[PDB]
Amino acid sequence: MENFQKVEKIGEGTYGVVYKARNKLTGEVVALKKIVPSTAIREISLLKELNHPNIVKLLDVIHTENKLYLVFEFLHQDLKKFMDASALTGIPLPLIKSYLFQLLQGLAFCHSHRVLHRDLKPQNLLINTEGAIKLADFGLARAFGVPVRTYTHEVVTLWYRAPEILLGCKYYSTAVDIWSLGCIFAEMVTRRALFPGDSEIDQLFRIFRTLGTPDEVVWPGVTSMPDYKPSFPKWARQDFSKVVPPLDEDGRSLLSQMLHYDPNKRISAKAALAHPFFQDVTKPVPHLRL
Ligand SMILES: N#Cc1cnn2cccnc12
């Protein structure tokens, strides 16, 4: 693209290469995404108007030469590297709470417009020096489906995937995003992924092992989902105090609601913003290494 000067490759999404680049007329540095169906162009252009302080701004959509490029605001780090970087000591809780609170704000906005992310994970949560956290690639899954490999044949992570998706539900809701964000929340607290599955059954069975094999008591209609099998092992549910120590009562309460099996029982973003866990939320600034 002639108006852009590629500074460096900085990623490789499900969708393709991500470059840091600098607008040749506007001086602007941006994230340049290389990704043509009529539908997909009409879906992306909706995304241009879906603006929020906790959503990485889509600056431009360039359709030229049957190539598609998306230009986003550039942020210098993602939550994955920040988490690796804070492995030895952990993210201080007040910072974890701030990030969760901002991310729920993002989702509450998106969801109010009936837009899902579908593929939340630490690598798509982008952090700045100001104590801000933003959701990247929002709305991209519906525009281009969610691949098993990346264009680089990289394996797409299952770790944050909701059970109803794993169980073959076609028509899933905004609750899928709540699940993922609860998995990330647990991960920030404990410094280990909650459910690090390396296939779909392994991901489903890691879920069942911590939370209990769902049944018709806790999840009405589960046994009639497309990929449910009566032969599932029946595992007992673990208590959360074992799952996420040393998270406090409020956090653990909030966490369990974000991880309800039944997508209709699972906490909404808007209702999670009201949880008393956030009573004393503040906005710390992280110490970063640019
Ligand atoms: N999409 C996107 C995006 C915006 N800023 N970024 C920095 C690093 C990696 N990806 C991005």
# chains A, B, ... in the order shown; residues from 1 in each chain; ligands from 1

call {"tool": "closest_atom_pairs", "arguments": {"of": "segment 81-147 of chain A", "to": "segment 279-282 of chain A", "cutoff": "9 Å", "atoms": "only C-alpha atoms", "output": "tab-separated table"}}
result
residue	atom	partner	partner_atom	distance
A:94	CA	A:282	CA	6.8
A:95	CA	A:282	CA	7.9
A:97	CA	A:281	CA	6.4
A:98	CA	A:282	CA	6.1
A:101	CA	A:281	CA	7.8

call {"tool": "residues_near_ligand", "arguments": {"ligand": "ligand 1", "cutoff": "12 Å", "atoms": "only C-alpha atoms and all ligand atoms", "output": "PyMOL selection string"}}
result
chain A and resi 7-21+29-35+55-60+69-81+122-128+133-140

call {"tool": "select_by_dssp", "arguments": {"residues": "segment 130-287 of chain A", "states": "helix (DSSP H, G or I)", "output": "ChimeraX atom specification"}}
result
/A:140-144,163-166,175-190,200-211,222-224,240-243,249-258,269-273,276-278

call {"tool": "select_by_dssp", "arguments": {"residues": "segment 60-252 of chain A", "states": "strand (DSSP E)", "output": "ChimeraX atom specification"}}
result
/A:60-64,67-73,77-78,125-127,133-135

call {"tool": "closest_residue", "arguments": {"among": "A:46, A:235, A:88, A:199", "to": "residue 215 of chain A", "atoms": "only C-alpha atoms"}}
result
A:235

call {"tool": "atom_distance", "arguments": {"atom1": "atom CA of residue 161 of chain A", "atom2": "atom CA of residue 132 of chain A"}}
result
24.5 Å

call {"tool": "atom_distance", "arguments": {"atom1": "atom CA of residue 3 of chain A", "atom2": "atom CA of residue 38 of chain A"}}
result
24.4 Å

call {"tool": "atom_distance", "arguments": {"atom1": "atom CA of residue 198 of chain A", "atom2": "atom CA of residue 244 of chain A"}}
result
21.5 Å

call {"tool": "closest_residue", "arguments": {"among": "A:205, A:144, A:261, A:4", "to": "residue 218 of chain A", "atoms": "only C-alpha atoms"}}
result
A:261

call {"tool": "residues_around", "arguments": {"residues": "segment 253-259 of chain A", "least_positions_apart": "5", "cutoff": "6 Å", "atoms": "only C-alpha atoms", "output": "list in words"}}
result
residues 178, 179, 182, 266 and 267 of chain A

call {"tool": "closest_residue", "arguments": {"among": "A:210, A:264, A:223, A:5", "to": "residue 238 of chain A", "atoms": "only C-alpha atoms"}}
result
A:210

call {"tool": "residues_around", "arguments": {"residues": "residue 263 of chain A", "least_positions_apart": "2", "cutoff": "8 Å", "atoms": "only C-alpha atoms", "output": "VMD selection string"}}
result
chain A and resid 164 173 175 to 176 260 to 261 265 to 266

call {"tool": "write_last_selection", "arguments": {"atoms": "C-alpha atoms", "output": "PDB file, in the first residue's frame"}}
result
ATOM      1  CA  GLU A 164     -21.457 -24.198  24.028  1.00  0.00           C
ATOM      2  CA  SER A 173     -24.371 -15.247  21.944  1.00  0.00           C
ATOM      3  CA  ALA A 175     -21.975 -14.844  26.607  1.00  0.00           C
ATOM      4  CA  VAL A 176     -19.142 -16.461  24.678  1.00  0.00           C
ATOM      5  CA  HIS A 260     -21.689 -20.422  34.249  1.00  0.00           C
ATOM      6  CA  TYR A 261     -22.227 -23.344  31.869  1.00  0.00           C
ATOM      7  CA  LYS A 265     -27.328 -17.789  33.340  1.00  0.00           C
ATOM      8  CA  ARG A 266     -23.829 -16.470  32.699  1.00  0.00           C
TER       9      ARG A 266
END
